[PDB]
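Structure first, commentary second.
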Amino acid sequence: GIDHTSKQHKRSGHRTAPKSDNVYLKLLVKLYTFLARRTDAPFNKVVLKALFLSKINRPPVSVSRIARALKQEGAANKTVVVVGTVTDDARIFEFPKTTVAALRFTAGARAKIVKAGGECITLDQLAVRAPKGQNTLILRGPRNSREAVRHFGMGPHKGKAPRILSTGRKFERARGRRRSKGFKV
Amino acid sequence: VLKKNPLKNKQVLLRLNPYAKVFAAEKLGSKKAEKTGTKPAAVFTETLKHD
Amino acid sequence: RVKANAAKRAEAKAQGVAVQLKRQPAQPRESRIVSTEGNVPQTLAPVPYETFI
Amino acid sequence: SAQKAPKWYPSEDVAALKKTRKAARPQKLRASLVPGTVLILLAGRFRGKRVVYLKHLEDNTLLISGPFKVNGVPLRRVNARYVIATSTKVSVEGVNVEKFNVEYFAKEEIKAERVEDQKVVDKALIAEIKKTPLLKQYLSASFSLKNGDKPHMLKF
Amino acid sequence: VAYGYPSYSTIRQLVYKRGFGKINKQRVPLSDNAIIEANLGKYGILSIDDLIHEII
Amino acid sequence: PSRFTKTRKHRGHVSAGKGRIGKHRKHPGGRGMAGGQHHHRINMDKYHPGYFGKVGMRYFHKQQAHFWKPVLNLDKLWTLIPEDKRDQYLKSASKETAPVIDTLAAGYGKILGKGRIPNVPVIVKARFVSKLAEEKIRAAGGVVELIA
RNA sequence: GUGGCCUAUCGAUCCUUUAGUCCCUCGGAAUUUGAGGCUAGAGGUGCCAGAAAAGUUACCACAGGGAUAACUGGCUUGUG
RNA sequence: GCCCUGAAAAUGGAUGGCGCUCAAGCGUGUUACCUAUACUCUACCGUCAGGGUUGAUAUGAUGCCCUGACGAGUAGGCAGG
RNA sequence: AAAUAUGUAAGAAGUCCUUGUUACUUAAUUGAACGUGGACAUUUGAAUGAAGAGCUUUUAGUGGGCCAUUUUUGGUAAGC
RNA sequence: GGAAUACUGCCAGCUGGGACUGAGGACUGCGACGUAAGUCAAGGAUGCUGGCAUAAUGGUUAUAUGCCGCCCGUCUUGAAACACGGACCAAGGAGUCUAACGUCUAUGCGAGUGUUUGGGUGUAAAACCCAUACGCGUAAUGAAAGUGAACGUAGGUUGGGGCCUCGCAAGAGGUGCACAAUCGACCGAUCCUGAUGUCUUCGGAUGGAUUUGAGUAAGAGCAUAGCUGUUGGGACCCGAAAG
RNA sequence: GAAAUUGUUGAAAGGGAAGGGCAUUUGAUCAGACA
Ligand SMILES: CN[C@@H]1[C@@H](O)[C@@H](O[C@@H]2[C@@H](O)[C@H](O[C@H]3O[C@H](CN)CC[C@H]3N)[C@@H](N)C[C@H]2N)OC[C@]1(C)O
Ligand SMILES: CN[C@@H]1[C@@H](O)[C@@H](O[C@@H]2[C@@H](O)[C@H](O[C@H]3O[C@H](CN)CC[C@H]3N)[C@@H](N)C[C@H]2N)OC[C@]1(C)O
Ligand SMILES: [Mg+2]
Ligand SMILES: [Mg+2]
Ligand SMILES: [Mg+2]
Ligand SMILES: [Mg+2]
Ligand SMILES: [Mg+2]
Ligand SMILES: [Mg+2]
Ligand SMILES: [Mg+2]
Ligand SMILES: [Mg+2]
Ligand SMILES: [Mg+2]
Ligand SMILES: [Mg+2]
Ligand SMILES: [Mg+2]
Ligand SMILES: [Mg+2]
Ligand SMILES: [Mg+2]
Ligand SMILES: [Mg+2]
Ligand SMILES: [Mg+2]
Ligand SMILES: [Mg+2]
Ligand SMILES: [Mg+2]
Ligand SMILES: [Mg+2]
Ligand SMILES: [Mg+2]
Ligand SMILES: [Mg+2]
Ligand SMILES: [Mg+2]
Ligand SMILES: [Mg+2]
Ligand SMILES: [Mg+2]
Ligand SMILES: [Mg+2]
Ligand SMILES: [Mg+2]
Ligand SMILES: [Mg+2]
Ligand SMILES: [Mg+2]
Ligand SMILES: [Mg+2]
Ligand SMILES: [Mg+2]
Ligand SMILES: [Mg+2]
Ligand SMILES: [Mg+2]
Ligand SMILES: [Mg+2]
Ligand SMILES: [Mg+2]
Ligand SMILES: [Mg+2]
Ligand SMILES: [Mg+2]
Ligand SMILES: [Mg+2]
Ligand SMILES: [Mg+2]
Ligand SMILES: [Mg+2]
Ligand SMILES: [Mg+2]
Ligand SMILES: [Mg+2]
Ligand SMILES: [Mg+2]
Ligand SMILES: [Mg+2]
Ligand SMILES: [Mg+2]
Ligand SMILES: [Mg+2]
Ligand SMILES: [Mg+2]
Ligand SMILES: [Mg+2]
Ligand SMILES: [Mg+2]
Ligand SMILES: [Mg+2]
Ligand SMILES: [Mg+2]
Ligand SMILES: [Mg+2]
Ligand SMILES: [Mg+2]
Ligand SMILES: [Mg+2]
Ligand SMILES: [Mg+2]
Ligand SMILES: [Mg+2]
Ligand SMILES: [Mg+2]
Ligand SMILES: [Mg+2]
Ligand SMILES: [Mg+2]
Ligand SMILES: [Mg+2]
Ligand SMILES: [Mg+2]
Ligand SMILES: [Mg+2]
Ligand SMILES: [Mg+2]
Ligand SMILES: [Mg+2]
Ligand SMILES: [Mg+2]
Ligand SMILES: [Mg+2]
Ligand SMILES: [Mg+2]
Ligand SMILES: [Mg+2]
Ligand SMILES: [Mg+2]
Ligand SMILES: [Mg+2]
Ligand SMILES: [Mg+2]
Ligand SMILES: [Mg+2]
Ligand SMILES: [Mg+2]
Ligand SMILES: [Mg+2]
Ligand SMILES: [Mg+2]
Ligand SMILES: [Mg+2]
Ligand SMILES: [Mg+2]
Ligand SMILES: [Mg+2]
Ligand SMILES: [Mg+2]
Ligand SMILES: [Mg+2]
Ligand SMILES: [Mg+2]
Ligand SMILES: [Mg+2]
Ligand SMILES: [Mg+2]
Ligand SMILES: [Mg+2]
Ligand SMILES: [Mg+2]
Ligand SMILES: [Mg+2]
Ligand SMILES: [Mg+2]
Ligand SMILES: [Mg+2]
Ligand SMILES: [Mg+2]
Ligand SMILES: [Mg+2]
Ligand SMILES: [Mg+2]
Ligand SMILES: [Mg+2]
Ligand SMILES: [Mg+2]
Ligand SMILES: [Mg+2]
Ligand SMILES: [Mg+2]
Ligand SMILES: [Mg+2]
Ligand SMILES: [Mg+2]
Ligand SMILES: [Mg+2]
Ligand SMILES: [Mg+2]
Ligand SMILES: [Mg+2]
Ligand SMILES: [Mg+2]
Ligand SMILES: [Mg+2]
Ligand SMILES: [Mg+2]
Ligand SMILES: [Mg+2]
């Protein structure tokens, strides 16, 4: 026997391939696993991983988040990469022309990208263009904008989102929620 | 794939530490030292045989 | 110590390299020769049982 | 079908053996074995026979002869490990012993060449033997462990 | 534990016979000076007897 | 489907996964909301703080839809215009020809100010408005007409 | 100086009842009574995180218990 | 210090047994020796980890490959069957 | 007034120079807090180790314990 | 006076006997010896000889022998227990389905999403199609009347992966999404302030506050499905005395 | 036409249970495998 200084036989808890059975996805993985192995360039290592993430970790990137990213110093002529679907934001008006390499684009998203003179690339097309991933902007979506994470960490004086089906007065607003009944939170 | 022991494999003894070649040559492990004559003061021997 | 290290460092560097500013813990003793001269080993023996109550 | 077929199959190619490094070097016999040392045969057909040792052959065996006229052992191959090397020695300086190699014993009753070759070598020996009394009468008797014999104690 | 003051002889015979390297963990048998230099070469130390030196 | 269920893996295992000491019995808690202010109290406070007591005015025979006032901000507001006729109006910001956006026809009861429309003047027919909402409108040259 | 030198001398929800602005609401529109809200106290749960509560059973009953009494047995040996 | 006495209980009985007296008993010193699922070493099974592997002209890319460390388990969790 | 145990520190979020902001502070740009700009990074400031570090959700069983050595309460004591 | 020897330690000094192992499968590596050509014990066994190919060698099984081995299940601190159930065998026999929900995952679409109440249609419980609504989401806050989200590139500061620029490199700078800490701004509630005006009591401009919300701050959801978990149900299966 | 359980027949073994584990003798039995 040994004095074990770490838990034995413990998996890394990092995904290896995705859990998706979409075949075309598995190929997109096959490209970048090959790319990542042979490239030495980090952009491919990141994209390899970001292909595995669950739907929850591929939070939708809006077309307006894409507009503002390009407004950074020197970022407007870069091609923006989104590993996941890209959606449409009616709330912008002037939209730039660029090239967006994504998994998926909601209709409006490509329509708005295109109608500004832009380009919609699927990530394998970006691969041939930018094999080292040169001149790319990776844009991550709002992970914690999720409804579910409102309720995480509920507790006294924690101010987070009670789990409550129907909401109104006389739905969990009384004793414990205000000084005048009992106490407050 | 099979760890050869130096110290019994002259081939792997000399695959590290080539000085072993020379070492064996001058024998170096039997090296005699120049015999000197130094003697301790009688103090040292007096207190050594003390009670 | 910090302030000492700046003054140790600047004086060192503008003199030259060789700064030692990390703290080393207490090291083993270095070799020495204790002189017998006018110091002759005192022979002691364990002592017998006594009472004196 | 009764069973689905494997998606993979081992290649029925046989591979090449890696190039081994074991170089057969000539054996060294224990120093106890001097041509003309009487041997005690420990096993096999003539086990117990006391025998005379002539050559160290090329398969590492030991050429011995009884002599035939004495104890009935012919010129024969014997394995060094199955023999006890005794301390009594007859002079084979001046016994041919050139003729006998491995191939001499290729198996393919007695070829008369052997009959005459036995005769020349034995005649050589038996002459040297009578130089030292009883030694023929020794070589004729078989070896045996008497009660009380301690082979780890015994000087042979 | 039991411990004490290893003479050169045993330090050598330790490392020679039972000395192994940590390389990405892995416990690599030493067996070639090229291994030591690949890792402890950055410190000097391109040989096993260079290692034994930095120990004793 | 039952073949993926874990009660299959628990075949042979004697306690079903429910423990040898703790068993699985009828209702260790009581049933449902029992013990709300007594033994299950530490849960119902946190988790659902405020679940107990009374809070506000009673409304007898309240009907929803007296209160129907669906909201739209200037966040969009142009999305009311079909996408084709939209671009015609963006360029050609003008008085005397101004898009007429009837918000109640779109299903909206009051217009809010989430903010930043374009400088096009727009004629917005609404039921109610935020002050800031209607201010951003006039600041860009439109007007608001109240309707019913 | 935001009670008693410091370390103890205390109390949810429902209800009621005071005090507060002159504030919200009775939903077809008003005025006035009356009623309902908001905030801050009081009325009390001492089993003190806070049920509304007498016995008897040798006429008896059920779920259990060696988590627990009445004998042996065991440790103990004050006591004898 | 060892030895005797002090020293009374219930089936027949226990230095584990037989027996042991310059011990096979008490104290102590020195050695050789015996054998654990432990330790060193090899093989094999699995688990985890880190490496290498794109295509062509072959067939499992979940694939193949080199390498290291690890393996107790009720209640219980997951996994592959 | 010990031993064992126990708090904090051992640098880049550090050290130092110049001098903006302010409704707070001083008699007083005096302070206080936050900075712009500037000098110093080979031992960037003890030892040893590290199958790395950080982080989140979700749910099981459990919620009778018992024992050894040491500290120790009640008990003559106890396999209490 | 001069030796030897003990004792301890070292040698990349030589060497004899016995045991177990032989993993790998062209090549490549590090070496070693020799002027050499080559040779080797140097990244894992080869060589020579004999036998049985019949019944050698193996597996299975009964027995015997050495040494070991208490009844299972259970509840329990503790069971082989002088704790319970269990003579034996077959067959049956226990965490389901449903309504509603939490986390995670896969899928379609995405500021939206849900054809299946119903209609159309049909090769007729299928498949295929659809108009209006509706549901959930896209606004919050307040008991309520009610008001309702940009000072600013939708802010500042410190970290950030990635990308960009200089450098052979070491390294320097640039932008920095997600995420984390902090100081701010916005919306509602609360408390102050109370301008322009007025059907003299309406109106609430403007600037504030150790207050406060399940908010805003370039949307993330809707729907199907899966494991697991929740709750109501006969609710894992069998069981009261009662009413 | 299973099992418990039963008769006959054959085989083997049994000094206060029976059955079990590592190992081998002995018997019975079954291959594969040489070429
Ligand atoms: C943990 N696995 C171990 C495995 O390591 C191995 O253990 C052996 C052990 O059986 C041997 O022991 C065996 O042979 C001895 C004679 N040489 C006598 C005792 C016998 N058990 C030991 N000599 C060495 C261990 N590694 O064999 C037993 C095991 C349980 O499979
Ligand atoms: C299957 N037949 C068995 C037969 O094989 C035999 O079984 C013996 C049994 O008698 C022995 O039992 C007895 O005899 C031994 C020798 N005297 C000493 C131990 C004792 N229990 C066991 N140790 C071994 C079994 N196979 O005797 C019992 C039986 C049922 O007749
Ligand atoms: Mg182990
Ligand atoms: Mg994975
Ligand atoms: Mg809502
Ligand atoms: Mg040796
Ligand atoms: Mg110092
Ligand atoms: Mg080789
Ligand atoms: Mg289901
Ligand atoms: Mg299954
Ligand atoms: Mg299981
Ligand atoms: Mg289990
Ligand atoms: Mg069972
Ligand atoms: Mg369970
Ligand atoms: Mg149970
Ligand atoms: Mg319990
Ligand atoms: Mg339970
Ligand atoms: Mg209570
Ligand atoms: Mg309302
Ligand atoms: Mg409202
Ligand atoms: Mg209208
Ligand atoms: Mg409509
Ligand atoms: Mg004061
Ligand atoms: Mg006070
Ligand atoms: Mg006083
Ligand atoms: Mg005082
Ligand atoms: Mg009160
Ligand atoms: Mg009442
Ligand atoms: Mg009241
Ligand atoms: Mg007021
Ligand atoms: Mg009203
Ligand atoms: Mg009415
Ligand atoms: Mg009204
Ligand atoms: Mg009133
Ligand atoms: Mg009361
Ligand atoms: Mg109580
Ligand atoms: Mg209590
Ligand atoms: Mg009571
Ligand atoms: Mg009664
Ligand atoms: Mg009576
Ligand atoms: Mg009566
Ligand atoms: Mg007594
Ligand atoms: Mg007494
Ligand atoms: Mg004994
Ligand atoms: Mg004696
Ligand atoms: Mg003894
Ligand atoms: Mg004994
Ligand atoms: Mg003794
Ligand atoms: Mg010995
Ligand atoms: Mg791998
Ligand atoms: Mg492996
Ligand atoms: Mg395990
Ligand atoms: Mg698992
Ligand atoms: Mg399997
Ligand atoms: Mg300290
Ligand atoms: Mg340190
Ligand atoms: Mg860790
Ligand atoms: Mg849990
Ligand atoms: Mg639980
Ligand atoms: Mg619990
Ligand atoms: Mg207990
Ligand atoms: Mg005791
Ligand atoms: Mg002398
Ligand atoms: Mg010696
Ligand atoms: Mg040897
Ligand atoms: Mg061998
Ligand atoms: Mg082999
Ligand atoms: Mg040979
Ligand atoms: Mg052969
Ligand atoms: Mg042959
Ligand atoms: Mg057997
Ligand atoms: Mg039989
Ligand atoms: Mg048997
Ligand atoms: Mg036994
Ligand atoms: Mg039980
Ligand atoms: Mg019990
Ligand atoms: Mg009990
Ligand atoms: Mg107890
Ligand atoms: Mg039991
Ligand atoms: Mg008992
Ligand atoms: Mg009994
Ligand atoms: Mg029971
Ligand atoms: Mg029983
Ligand atoms: Mg029974
Ligand atoms: Mg029964
Ligand atoms: Mg899951
Ligand atoms: Mg229909
Ligand atoms: Mg219609
Ligand atoms: Mg809708
Ligand atoms: Mg009103
Ligand atoms: Mg940088
Ligand atoms: Mg506010
Ligand atoms: Mg404010
Ligand atoms: Mg504040
Ligand atoms: Mg599953
Ligand atoms: Mg249920
Ligand atoms: Mg009743
Ligand atoms: Mg029939
Ligand atoms: Mg039968
Ligand atoms: Mg019979
Ligand atoms: Mg009998
Ligand atoms: Mg009898
Ligand atoms: Mg009898
Ligand atoms: Mg028995």
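By convention here, the chains of the structure tokens are called A, B, ... in the order presented, each chain's residues are numbered starting at 1, and ligands are numbered starting at 1 in the order presented.
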
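For ligand 100, the neighbouring polymer residues at 10 Å or closer are residues 8, 9, 10 and 11 of chain K, only C-alpha atoms (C1' of nucleotides) and all ligand atoms being used.
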
From the DSSP assignment of the backbone, select every residue of segment 57-103 of chain A that is strand (DSSP E or B), and format the answer as a tab-separated table (two decimals) with N, CA, C and O atoms, in the first residue's frame.
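Writing done, so here's part.tsv:
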chain	number	residue	atom	x	y	z
A	61	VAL	N	-24.60	33.78	-29.78
A	61	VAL	CA	-23.94	35.06	-30.05
A	61	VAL	C	-24.84	35.88	-30.97
A	61	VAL	O	-25.20	35.44	-32.07
A	62	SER	N	-25.22	37.06	-30.51
A	62	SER	CA	-26.10	37.92	-31.28
A	62	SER	C	-25.32	38.65	-32.36
A	62	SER	O	-24.11	38.89	-32.24
A	79	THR	N	-12.04	38.59	-39.14
A	79	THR	CA	-13.17	37.71	-39.35
A	79	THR	C	-13.51	37.09	-38.01
A	79	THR	O	-12.62	36.57	-37.32
A	80	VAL	N	-14.77	37.17	-37.62
A	80	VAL	CA	-15.19	36.80	-36.28
A	80	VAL	C	-15.67	35.36	-36.30
A	80	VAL	O	-16.44	34.97	-37.19
A	81	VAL	N	-15.21	34.58	-35.33
A	81	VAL	CA	-15.50	33.15	-35.22
A	81	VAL	C	-16.43	32.94	-34.03
A	81	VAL	O	-16.16	33.44	-32.94
A	82	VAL	N	-17.50	32.19	-34.26
A	82	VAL	CA	-18.49	31.86	-33.23
A	82	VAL	C	-18.74	30.36	-33.32
A	82	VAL	O	-19.36	29.90	-34.28
A	83	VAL	N	-18.34	29.61	-32.30
A	83	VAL	CA	-18.55	28.16	-32.35
A	83	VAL	C	-19.91	27.95	-31.70
A	83	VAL	O	-20.03	27.76	-30.49
A	84	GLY	N	-20.94	27.89	-32.53
A	84	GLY	CA	-22.31	27.86	-32.06
A	84	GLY	C	-23.19	28.64	-33.01
A	84	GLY	O	-22.67	29.28	-33.93
A	85	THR	N	-24.50	28.69	-32.78
A	85	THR	CA	-25.35	29.47	-33.67
A	85	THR	C	-25.22	30.96	-33.38
A	85	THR	O	-24.94	31.37	-32.25
A	86	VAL	N	-25.41	31.77	-34.42
A	86	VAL	CA	-25.45	33.23	-34.34
A	86	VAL	C	-26.88	33.68	-34.65
A	86	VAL	O	-27.50	33.17	-35.58
A	87	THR	N	-27.40	34.63	-33.88
A	87	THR	CA	-28.79	35.05	-34.02
A	87	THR	C	-28.89	36.47	-34.52
A	87	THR	O	-27.89	37.18	-34.68
A	99	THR	N	-17.00	38.91	-42.18
A	99	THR	CA	-17.07	37.49	-42.46
A	99	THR	C	-17.17	36.76	-41.13
A	99	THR	O	-16.31	36.93	-40.25
A	100	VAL	N	-18.22	35.95	-40.98
A	100	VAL	CA	-18.56	35.30	-39.72
A	100	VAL	C	-18.51	33.79	-39.91
A	100	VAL	O	-19.32	33.23	-40.66
A	101	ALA	N	-17.60	33.14	-39.21
A	101	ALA	CA	-17.45	31.70	-39.27
A	101	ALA	C	-18.18	31.10	-38.07
A	101	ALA	O	-17.72	31.24	-36.93
A	102	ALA	N	-19.30	30.42	-38.31
A	102	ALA	CA	-20.09	29.88	-37.21
A	102	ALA	C	-20.55	28.47	-37.52
A	102	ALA	O	-20.50	28.00	-38.66
A	103	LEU	N	-20.99	27.80	-36.47
A	103	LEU	CA	-21.68	26.53	-36.66
A	103	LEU	C	-22.98	26.74	-37.43
A	103	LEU	O	-23.16	26.21	-38.53

Item to complete: May I have the residues of chain E within 12 Å of chain J, counting only C-alpha atoms (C1' of nucleotides), written as a PyMOL selection string?
Response: chain E and resi 7-10+12-13+16+30-35+49

Discussion item. At a cut-off of 12 Å, using only C-alpha atoms (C1' of nucleotides), what residues contact residue 47 of chain B? Leave out same-chain residues fewer than 6 positions from it and give the result as a VMD selection string.
Written reply: (chain B and resid 40 to 41) or (chain C and resid 36 39 to 43)

Keeping N, CA and C atoms, export the residues of the selection given above as an mmCIF file, in the first residue's frame.
data_model
loop_
_atom_site.group_PDB
_atom_site.id
_atom_site.type_symbol
_atom_site.label_atom_id
_atom_site.label_comp_id
_atom_site.auth_asym_id
_atom_site.auth_seq_id
_atom_site.Cartn_x
_atom_site.Cartn_y
_atom_site.Cartn_z
ATOM 1 N N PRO B 40 50.883 12.566 17.029
ATOM 2 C CA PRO B 40 50.136 13.438 17.942
ATOM 3 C C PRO B 40 50.959 13.857 19.154
ATOM 4 N N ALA B 41 50.631 15.033 19.686
ATOM 5 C CA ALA B 41 51.280 15.479 20.909
ATOM 6 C C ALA B 41 50.962 14.510 22.042
ATOM 7 N N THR C 36 43.475 22.410 22.273
ATOM 8 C CA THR C 36 43.725 21.816 23.570
ATOM 9 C C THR C 36 44.456 22.749 24.510
ATOM 10 N N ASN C 39 43.365 24.275 27.644
ATOM 11 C CA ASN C 39 42.044 23.692 27.798
ATOM 12 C C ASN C 39 42.257 22.194 27.626
ATOM 13 N N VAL C 40 42.331 21.482 28.736
ATOM 14 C CA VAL C 40 42.608 20.052 28.733
ATOM 15 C C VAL C 40 41.316 19.340 29.093
ATOM 16 N N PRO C 41 40.891 18.358 28.307
ATOM 17 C CA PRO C 41 39.626 17.678 28.576
ATOM 18 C C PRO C 41 39.470 17.264 30.029
ATOM 19 N N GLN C 42 38.313 17.618 30.576
ATOM 20 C CA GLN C 42 37.936 17.336 31.948
ATOM 21 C C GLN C 42 37.184 16.022 31.952
ATOM 22 N N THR C 43 37.666 15.045 32.708
ATOM 23 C CA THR C 43 37.002 13.748 32.732
ATOM 24 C C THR C 43 35.966 13.717 33.849
#

Fill in: Distance filter 12 Å around ligand 51, atoms: only C-alpha atoms (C1' of nucleotides) and all ligand atoms, out as a PyMOL selection string
(chain E and resi 26) or (chain H and resi 44-50+65-70)

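Within 10 Å of chain A, counting only C-alpha atoms (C1' of nucleotides), chain I contributes residues 50, 51, 56 and 57 of chain I.
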
Discussion item. Based on the backbone DSSP call, show me all residues of chain B assigned helix (DSSP H, G or I), as JSON, numbers by chain.
Written reply: {"B": [10, 11, 12, 13, 19, 20, 21, 22, 23, 24, 25, 26, 42, 43, 44, 45, 46, 47, 48]}

Saved selection, atoms kept: N, CA and C atoms, as a PDB file, in the first residue's frame:
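Below is the file that was written, out.pdb:
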ATOM      1  N   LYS B  10      29.063  -4.669 -18.275  1.00  0.00           N
ATOM      2  CA  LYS B  10      30.138  -3.750 -18.601  1.00  0.00           C
ATOM      3  C   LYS B  10      29.741  -2.898 -19.790  1.00  0.00           C
ATOM      4  N   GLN B  11      28.889  -3.447 -20.661  1.00  0.00           N
ATOM      5  CA  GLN B  11      28.397  -2.698 -21.812  1.00  0.00           C
ATOM      6  C   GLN B  11      27.589  -1.481 -21.396  1.00  0.00           C
ATOM      7  N   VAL B  12      26.758  -1.616 -20.355  1.00  0.00           N
ATOM      8  CA  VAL B  12      25.992  -0.464 -19.893  1.00  0.00           C
ATOM      9  C   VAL B  12      26.745   0.324 -18.830  1.00  0.00           C
ATOM     10  N   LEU B  13      27.781  -0.256 -18.220  1.00  0.00           N
ATOM     11  CA  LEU B  13      28.633   0.568 -17.372  1.00  0.00           C
ATOM     12  C   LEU B  13      29.319   1.619 -18.211  1.00  0.00           C
ATOM     13  N   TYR B  19      34.581   7.223 -18.024  1.00  0.00           N
ATOM     14  CA  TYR B  19      35.746   7.233 -17.149  1.00  0.00           C
ATOM     15  C   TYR B  19      35.985   5.883 -16.498  1.00  0.00           C
ATOM     16  N   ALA B  20      34.975   5.013 -16.486  1.00  0.00           N
ATOM     17  CA  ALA B  20      35.159   3.657 -15.982  1.00  0.00           C
ATOM     18  C   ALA B  20      36.309   2.970 -16.694  1.00  0.00           C
ATOM     19  N   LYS B  21      36.396   3.163 -18.013  1.00  0.00           N
ATOM     20  CA  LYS B  21      37.510   2.693 -18.824  1.00  0.00           C
ATOM     21  C   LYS B  21      38.820   3.065 -18.143  1.00  0.00           C
ATOM     22  N   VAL B  22      39.087   4.369 -18.040  1.00  0.00           N
ATOM     23  CA  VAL B  22      40.301   4.827 -17.383  1.00  0.00           C
ATOM     24  C   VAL B  22      40.362   4.279 -15.970  1.00  0.00           C
ATOM     25  N   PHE B  23      39.238   4.341 -15.250  1.00  0.00           N
ATOM     26  CA  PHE B  23      39.216   3.915 -13.855  1.00  0.00           C
ATOM     27  C   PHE B  23      39.825   2.535 -13.711  1.00  0.00           C
ATOM     28  N   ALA B  24      39.230   1.547 -14.380  1.00  0.00           N
ATOM     29  CA  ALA B  24      39.803   0.207 -14.385  1.00  0.00           C
ATOM     30  C   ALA B  24      41.296   0.241 -14.695  1.00  0.00           C
ATOM     31  N   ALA B  25      41.706   1.111 -15.633  1.00  0.00           N
ATOM     32  CA  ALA B  25      43.069   1.094 -16.162  1.00  0.00           C
ATOM     33  C   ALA B  25      44.109   1.392 -15.081  1.00  0.00           C
ATOM     34  N   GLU B  26      44.014   2.553 -14.436  1.00  0.00           N
ATOM     35  CA  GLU B  26      44.916   2.851 -13.326  1.00  0.00           C
ATOM     36  C   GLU B  26      44.522   2.142 -12.032  1.00  0.00           C
ATOM     37  N   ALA B  42      51.819  14.506  23.067  1.00  0.00           N
ATOM     38  CA  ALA B  42      51.596  13.576  24.171  1.00  0.00           C
ATOM     39  C   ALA B  42      50.315  13.887  24.919  1.00  0.00           C
ATOM     40  N   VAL B  43      49.871  15.145  24.876  1.00  0.00           N
ATOM     41  CA  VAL B  43      48.560  15.526  25.405  1.00  0.00           C
ATOM     42  C   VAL B  43      47.472  14.590  24.888  1.00  0.00           C
ATOM     43  N   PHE B  44      47.296  14.553  23.560  1.00  0.00           N
ATOM     44  CA  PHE B  44      46.268  13.706  22.960  1.00  0.00           C
ATOM     45  C   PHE B  44      46.299  12.295  23.522  1.00  0.00           C
ATOM     46  N   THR B  45      47.491  11.702  23.601  1.00  0.00           N
ATOM     47  CA  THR B  45      47.576  10.329  24.088  1.00  0.00           C
ATOM     48  C   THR B  45      47.433  10.257  25.597  1.00  0.00           C
ATOM     49  N   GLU B  46      47.870  11.298  26.305  1.00  0.00           N
ATOM     50  CA  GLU B  46      47.682  11.325  27.748  1.00  0.00           C
ATOM     51  C   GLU B  46      46.202  11.398  28.102  1.00  0.00           C
ATOM     52  N   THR B  47      45.462  12.333  27.500  1.00  0.00           N
ATOM     53  CA  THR B  47      44.037  12.375  27.816  1.00  0.00           C
ATOM     54  C   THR B  47      43.276  11.176  27.236  1.00  0.00           C
ATOM     55  N   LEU B  48      43.777  10.548  26.166  1.00  0.00           N
ATOM     56  CA  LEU B  48      43.117   9.348  25.657  1.00  0.00           C
ATOM     57  C   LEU B  48      43.193   8.208  26.658  1.00  0.00           C
TER      58      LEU B  48
END

Worksheet entry | Near-ligand residues for ligand 17, threshold 10 Å, only C-alpha atoms (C1' of nucleotides) and all ligand atoms, as a PyMOL selection string | (chain F and resi 18-29) or (chain I and resi 61-63)

Limited to C-alpha atoms (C1' of nucleotides), could you put the picked residues into a file as a PDB file, in the first residue's frame?
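This went into part.pdb:
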ATOM      1  CA  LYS F  18     -32.785   2.890  -0.324  1.00  0.00           C
ATOM      2  CA  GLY F  19     -30.453   1.891   2.477  1.00  0.00           C
ATOM      3  CA  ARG F  20     -30.448  -0.851   5.083  1.00  0.00           C
ATOM      4  CA  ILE F  21     -30.909   1.443   8.089  1.00  0.00           C
ATOM      5  CA  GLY F  22     -33.050   4.205   6.616  1.00  0.00           C
ATOM      6  CA  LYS F  23     -35.308   1.930   4.596  1.00  0.00           C
ATOM      7  CA  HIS F  24     -37.870   3.498   2.281  1.00  0.00           C
ATOM      8  CA  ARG F  25     -41.112   3.933   4.163  1.00  0.00           C
ATOM      9  CA  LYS F  26     -44.426   5.632   3.662  1.00  0.00           C
ATOM     10  CA  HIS F  27     -44.102   9.278   4.808  1.00  0.00           C
ATOM     11  CA  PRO F  28     -41.230  10.175   7.146  1.00  0.00           C
ATOM     12  CA  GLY F  29     -42.093  13.789   6.536  1.00  0.00           C
TER      13      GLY F  29
ATOM     14  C1'   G I  61     -26.756   7.136   1.830  1.00  0.00           C
ATOM     15  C1'   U I  62     -26.303   9.046   6.737  1.00  0.00           C
ATOM     16  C1'   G I  63     -28.168  11.709  10.994  1.00  0.00           C
TER      17        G I  63
END
